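Enquirer: Okay, here's the structure, questions in a sec.
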Amino acid sequence: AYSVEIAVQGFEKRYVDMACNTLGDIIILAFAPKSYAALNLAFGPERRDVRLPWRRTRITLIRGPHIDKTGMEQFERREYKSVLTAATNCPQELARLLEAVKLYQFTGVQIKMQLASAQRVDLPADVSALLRXXXXXXXXXXXXXXXXXXXXXXXXXXXXXXXX
Amino acid sequence: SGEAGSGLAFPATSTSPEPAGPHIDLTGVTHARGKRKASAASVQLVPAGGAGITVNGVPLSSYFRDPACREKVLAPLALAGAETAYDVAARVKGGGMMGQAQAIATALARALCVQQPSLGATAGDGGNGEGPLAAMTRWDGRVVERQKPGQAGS
Amino acid sequence: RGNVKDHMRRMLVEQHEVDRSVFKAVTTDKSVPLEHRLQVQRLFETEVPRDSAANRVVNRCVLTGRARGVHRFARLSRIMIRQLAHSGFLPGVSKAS
Amino acid sequence: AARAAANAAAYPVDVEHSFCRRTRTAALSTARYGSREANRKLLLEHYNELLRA
Amino acid sequence: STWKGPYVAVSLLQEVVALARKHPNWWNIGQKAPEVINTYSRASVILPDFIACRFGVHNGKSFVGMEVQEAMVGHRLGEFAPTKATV
Amino acid sequence: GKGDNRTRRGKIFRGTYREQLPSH
Amino acid sequence: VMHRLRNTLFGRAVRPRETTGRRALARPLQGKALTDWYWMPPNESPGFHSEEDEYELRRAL
Amino acid sequence: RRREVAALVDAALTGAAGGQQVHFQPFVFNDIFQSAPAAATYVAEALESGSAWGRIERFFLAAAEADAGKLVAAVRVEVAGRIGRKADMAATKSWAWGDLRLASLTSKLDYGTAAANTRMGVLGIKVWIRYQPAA
RNA sequence: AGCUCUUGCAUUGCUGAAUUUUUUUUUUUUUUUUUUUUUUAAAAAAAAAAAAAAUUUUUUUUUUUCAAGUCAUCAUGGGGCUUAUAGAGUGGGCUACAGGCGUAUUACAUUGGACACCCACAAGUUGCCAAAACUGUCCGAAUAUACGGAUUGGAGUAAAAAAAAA
């Protein structure tokens, strides 16, 4: 019971496009029934490829070096986004995914990844006794992504708890 | 059904694109969309004597609450002469008040067009046609010109 | 120009780390000590390097020695930003619209 | 006499209790220690202390 | 600025304690304190008492001697060290 | 001042009617 | 008054504008942000082919 | 041998870069035309080296229709400064082959620059290049 | 080796100006017919016909001249400097104030001021937030008005919410 979200950031639409297509190839390979003989596949209708617009902000400059206050010119940064959606139930192929994105290097393009997943929780027996139903899936971990030699293939990975 | 391209690019100094159609849905309730500003709106038309007229949830006379703006809402409806008999269900987004009015006016016009073909303009026959309401179908997609990258300089 | 002298000022903000100064600032922003804040603030901003408070930094450019008209948008200064921009040796900042 | 609904403030840290009505879910987040697992330890203790109510 | 710590006069105070070898303010009410006091900074505030003190304040070109009296007690010393743009 | 000091209008001109968000 | 239970549950307090000195601790530190701002090579790269003196060599002639 | 030097340049980046290790990827130019500022620094390092302008523009033109119709559409090279022997006024000079449409935004196109420093003083060099659609 | 020392009439670079308008008329795809190069084949060439059309929120982009400006952006030719034209440290000054000039804002009210309103709808949900006004109420005496808000003194202060017991 694991859910994966991959967010992807770029400057040239070419590179974020190739990134989206190659990770889509990886997902479909990663849960691929390559042979019939074992038959719990997740193409449930959660699955998407949601595209996204950007953060419109223009940053302008003086053209001239000295007096030149007539001399303006406009400049501009672009960020292009996609999100990649899947989820699955066994962990060994999830590890194949994480090691797959560990190997294939992508040019100029940020990988931010969301991994909400189920993980079991010990309780002191007092609160289990004093239990005797809603979602309450609240871990939401957080990690840094810079100033320590990483050009941002950061993985964030909130967690979902279960203790009935 | 066979709808077609209805859109226009009427304006000066900045273009426009309202790619949304107007169409009748199988509930007997047509739906249409209209923007005349970058602020935008949609409509949904039921032939009914129920709640009457509705944008943004509320009855209209408190949301829009300048009278001139209210007849800017009602102007295609008053031009039609088919005022009462439809429930008017509608949604809006953006901008400023009578821009919302004339936008929702255009959308109401489009829904009325798919209700009655000859009153207003459509793409049923090659994106052409003529009725009293055919003038205000194609939206007036002029926006503000951009604040000039340059000087007052005076 | 003198980009490095400011780096020396930044290094003094961090060699005499700002934590020591700010912790003394904590006890002067506390109203809980009834007094002695005047004694704590009497020294401790004078024994502490006066050139290590965070206002003496002036945020110069890094390419050149620009001290005026800098940008934290991409850590450069306007004329260089334009030169690199037209060259395109910068992360995808194109002429706008 | 006007303020934004989303204060989105700063100069502090917390456990950020929050609820999402869209999916009927509570949300608590991590902020204190550098590593993720130390924060998992702190919020796990906070979850146990949450159930003392 | 009275909130959270209202007074700053540290170097002035070092010179004041140098004066305070027999009396800070004529405890031995005031007798002009003939030893000159010459500060090097005018950002200093003025503290209650401090009367009859010969203060020499810097103007950027020299030291300006002014005797303090009862009215200038709630002031900051730089108000008495101008740049002399008379005309 | 367009009623800069004491109005419900000129204090949006002096940036105070928008109360400043706590940031640093 | 229910948030008192949520408060003592979570140990929180009004963060801005109270003058109790806590804001100077809970503020983020700018010390990393101040010294990563510059970038100066030493003018003599220990690897090889230092350009900052090659320009001097070219303009010597 | 080679493989000492492979690891040497690879480590030379590696210790320089702080964190990561970085391959080295030399792909080499097979002319002076396929790049613009490569041609520009050929101009500037020529112009330091006492080349008179005529032999420069000679070798450029000979190389130009030596590679006629293949990868170069048009060449315009301008230099500003003092070029000659007794130039003392500020001046510029050039030459241009073919037609370039610098107003045409569908042009695969390039800009070049370089700088030279003669015995008189400093220079300015700009090179503008247009290509056929084989790219 | 270092200049914030000079020289923009020694310069590179970059820009100013109005030269304010021109940036669509041009190709490409397909068809038919035919011919140029190479020991089973592609381009090429030529006659004609039809369609596709020309980048971005719509401005940027293409443009001729002034020894126009800048050595204090860096650079750099020449000249100058090196008990000082080099660096620090502390405090000024870079913001001074007969006059005069340029650029803006705010008004001189009633189409308005004030106060409330719902706290009206935006640009702006991508990896929620206004004002003018609309609606209500107070004001119209050359009052310099309850318009206007410049100068000047003075001071840095209120609470509201609700719980348990007698």
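Residue numbers (PDB author numbering), protein chains in the order written: chain j, 112 to 150, 163 to 255, 259 to 290; chain i, 284 to 437; chain n, 15 to 111; chain B, 818 to 870; chain s, 4 to 31, 36 to 94; chain u, 66 to 89; chain y, 125 to 185; chain c, 126 to 260.
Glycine included, C-beta positions come from ideal geometry on N, C-alpha and C.
#1: Label j:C131 either buried or exposed according to how many other C-beta atoms from any shown protein chain fall within 10 Å of its C-beta, with 16 as the threshold for buried.
#2: How would you write the range of the beta strand (DSSP E) that c:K218 sits in, first residue to last?
#3: Near n:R15, what residues of its chain come up, given a Cβ to Cβ distance below 6 Å and the 5 sequence neighbours on each side ignored?
#4: On a Cα-Cα basis, can you pick out the residue from j:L164, j:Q228 and j:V119 that is closest to j:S205?
#5: Any C-beta of chain s sitting closer than 7 Å to the C-beta of n:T41?
#6: Using the three-state DSSP reduction, which class does j:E199 fall into: helix, strand or coil?
#7: Residues of chain c with CB under 8 Å from y:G155, in chain order?
#8: Kindly say whether n:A68, judged by its beta-carbon, lies nearer than 7 Å to any beta-carbon of chain j.
#9: Show which residues of chain j have a CB atom less than 7 Å away from the CB atom of B:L859.
#10: Shorter than 7 Å from the beta carbon of u:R74 to some beta carbon of chain B?
#11: By the three-class DSSP mapping on this structure, what secondary structure does i:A315 have?
#12: For y:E176, which three-state DSSP category applies?
#13: Taking the alpha-carbon of c:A169 as reference, which of c:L138, c:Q257, c:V252 and c:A260 has the nearest alpha-carbon?
#14: Quick check on this structure: which residue in n:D65, n:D33, n:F87 and n:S91 has the alpha carbon closest to the alpha carbon of n:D20?
#15: Give every residue of the same chain whose Cβ lies closer than 6 Å to the Cβ of s:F70, excluding the five residues on either side of it in the sequence, and list them in chain order.
#16: Give, in chain order, every unbroken run of the alpha helix (DSSP H) that is at least 4 residues long and sits entirely within the segment 71-110 of chain n.
#17: What residues match up with j:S146 in a beta bridge as DSSP calls it?
#18: With a threshold of 6 Å (Cβ to nearest heavy atom), would c:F149 be considered close to the ligand SAH?
#19: Apply the 10 Å Cβ neighbour rule to c:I208 and answer buried if 16 or more other Cβ atoms are within range, or exposed otherwise.
#20: Whole angstroms are fine: how far does the CA of s:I58 sit from the CA of s:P89?
#21: Judging by CA-CA distance, which residue of j:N212, j:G121, j:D191 and j:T133 is the nearest neighbour of j:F166?
#22: Using DSSP's beta-bridge definition, name the partner residues of s:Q17.
#23: Throw me the rounded Cβ distance for the y:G145 and n:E31 pair, which I believe falls under 8 Å.
#24: What first and last residue would you give for the alpha helix (DSSP H) that runs through c:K233?
#25: Quick one: using the 10 Å Cβ neighbour count with 16 as the cut-off for buried, is B:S852 buried or exposed?
#26: Tell me, please, whether the CB atom of B:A823 is closer than 7 Å to any CB atom in chain u?
#27: Give me the Cα-Cα distance between n:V36 and y:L133, rounded to the nearest whole angstrom.
#28: Mapping DSSP to helix, strand and coil, what is y:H127?
#29: Taking the beta strand (DSSP E) that c:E182 falls in, what are its first and last residues?
#30: Check the Cβ of u:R83 against every Cβ in chain B and list those closer than 9 Å, keeping chain order.
#31: Use the C-beta contact count for c:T217: other C-beta atoms within 10 angstroms, 16 or more gives buried, fewer gives exposed.
#32: Leaving out five residues before and five after i:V326 in sequence, what residues of the same chain have Cβ atoms less than 6 Å from its Cβ?
#33: Considering Cα atoms alone, identify which of c:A142, c:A199, c:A240 and c:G194 is closest to c:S174.
#34: Look at j:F198 and n:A110 and say whether their C-beta atoms are less than 7 Å apart.
#35: Which residues in chain B sit within 7 Å of j:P247, going by Cβ to Cβ distance?
#36: Please go through the same chain and pick out, in chain order, the residues whose beta-carbon is closer than 8 Å to the beta-carbon of c:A259, but skip the five residues on each side of it.
Expert: Well, looking at it:
#1: Here the question's residue 131 of chain j lines up with position 20 in the first sequence. Classification for j:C131: buried.
#2: Here residue 218 of chain c is taken as the residue at index 93 of the eighth sequence, counted from 1. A216 to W222 is the span of the beta strand (DSSP E), which, as asked, contains c:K218.
#3: Taking the third sequence and counting its residues from 1, the one referred to as residue 15 of chain n is at position 1. Excluding positions up to five away in sequence, the list reads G79.
#4: Within the first sequence, numbered from 1, the residue matching residue 205 of chain j stands at position 82. Nearest of j:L164, j:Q228 and j:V119 to j:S205, Cα basis: j:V119.
#5: Translated into the one-based positions of the third sequence, residue 41 of chain n becomes position 27. No, n:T41 lies away from the interface with chain s (no Cβ there is under 7 Å from its Cβ).
#6: Reading the first sequence from its first residue, position 76 is the one you call residue 199 of chain j. DSSP places j:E199 in strand when its eight states are reduced to three.
#7: As a working mapping, residue 155 of chain y is identified with position 31 in the seventh sequence. Here the premise fails: no neighbours, minimum Cβ distance about 19 Å.
#8: The sequence position of residue 68 of chain n within the third sequence is 54, counting from 1. False, the Cβ-Cβ gap to chain j never drops below 7 Å.
#9: Locating residue 859 of chain B in the fourth sequence gives position 42, counting from the first residue. Chain j residues near B:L859: none, gap ~11 Å exceeds 7 Å.
#10: Reading the sixth sequence from its first residue, position 9 is the one you call residue 74 of chain u. So no, u:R74 is outside the interface.
#11: For the purposes of this step, residue 315 of chain i is identified with residue 32 of the second sequence, where counting begins at 1. i:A315: strand per DSSP, three-state reduction.
#12: Taking the seventh sequence and counting its residues from 1, one reaches residue 176 of chain y at position 52. Looking at y:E176 - three-state DSSP - the assignment turns out to be helix.
#13: For the purposes of this step, residue 169 of chain c is taken as residue 44 along the eighth sequence, with counting starting at 1. Comparing Cα positions, the closest option is c:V252.
#14: Taking the third sequence and counting its residues from 1, one reaches residue 20 of chain n at position 6. Out of n:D65, n:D33, n:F87 and n:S91, n:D65 has the C-alpha closest to the C-alpha of n:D20.
#15: Position 63 of the fifth sequence holds residue 70 of chain s. Closer than 6 Å at the Cβ level, and outside the excluded window around s:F70, lie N45 and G63.
#16: 92-101
#17: One-based indexing of the first sequence puts residue 146 of chain j at position 35. j:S146 is not bridged to any residue.
#18: No copy of the ligand SAH occurs in the structure displayed, which carries no ligand at all.
#19: For this step, residue 208 of chain c is matched to residue 83 along the eighth sequence. So c:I208 counts as buried.
#20: The count along the fifth sequence starts at 1 and reaches residue 89 of chain s at position 82. The count along the fifth sequence starts at 1 and reaches residue 58 of chain s at position 51. Their backbone Cα atoms lie some 21 Å apart in a straight line.
#21: For the purposes of this step, residue 166 of chain j is taken as the residue at position 43 of the first sequence. Among j:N212, j:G121, j:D191 and j:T133, the Cα nearest to that of j:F166 belongs to j:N212.
#22: Locating residue 17 of chain s in the fifth sequence gives position 14, where the first residue counts as 1. In DSSP, s:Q17 forms no bridge with anything.
#23: Numbered from its first residue, the seventh sequence carries residue 145 of chain y at position 21. Numbered from its first residue, the third sequence carries residue 31 of chain n at position 17. So it is not a contact: roughly 19 Å between Cβ atoms.
#24: By 1-based counting over the eighth sequence, the position of residue 233 of chain c is 108. Premise fails: c:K233 is in no alpha helix (DSSP H) and is neither H nor E.
#25: By one-based count along the fourth sequence, residue 852 of chain B stands at place 35. Classification for B:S852: exposed.
#26: Position 6 of the fourth sequence, counting from 1, holds the residue named residue 823 of chain B. So no, B:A823 is outside the interface.
#27: As a first step, residue 36 of chain n must be located in the third sequence, where it is residue number 22. As a first step, residue 133 of chain y must be located in the seventh sequence, where it is residue number 9. Between n:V36 and y:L133, the C-alpha separation is close to 30 Å.
#28: For this step, residue 127 of chain y is matched to residue 3 along the seventh sequence. Note: y:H127 maps to helix in three-state DSSP.
#29: On the eighth sequence, residue 182 of chain c is found 57 positions in, with the first residue counted as 1. Per DSSP, c:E182 belongs to no beta strand (DSSP E); it is in the alpha helix (DSSP H), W178 to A189.
#30: The residue labelled residue 83 of chain u in the question sits at position 18 within the sixth sequence. In chain order: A819, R820 and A821.
#31: Translated into positions along the eighth sequence, residue 217 of chain c becomes position 92. Flag for c:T217 reads exposed.
#32: In the second sequence, residue 326 of chain i corresponds to position 43, counting from 1. Correct list, in chain order: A315, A373, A390, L391 and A394.
#33: Translated into the one-based positions of the eighth sequence, residue 174 of chain c becomes position 49. It is c:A240 whose Cα lies nearest to the Cα of c:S174.
#34: As a first step, residue 198 of chain j is located in the first sequence; it is residue number 75 there, counting from the start. As a first step, residue 110 of chain n is located in the third sequence; it is residue number 96 there, counting from the start. Yes.
#35: One-based indexing of the first sequence puts residue 247 of chain j at position 124. Neighbours of j:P247 on chain B, chain order: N865.
#36: Locating residue 259 of chain c in the eighth sequence gives position 134, where the first residue counts as 1. Hits under 8 Å: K195 and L196.
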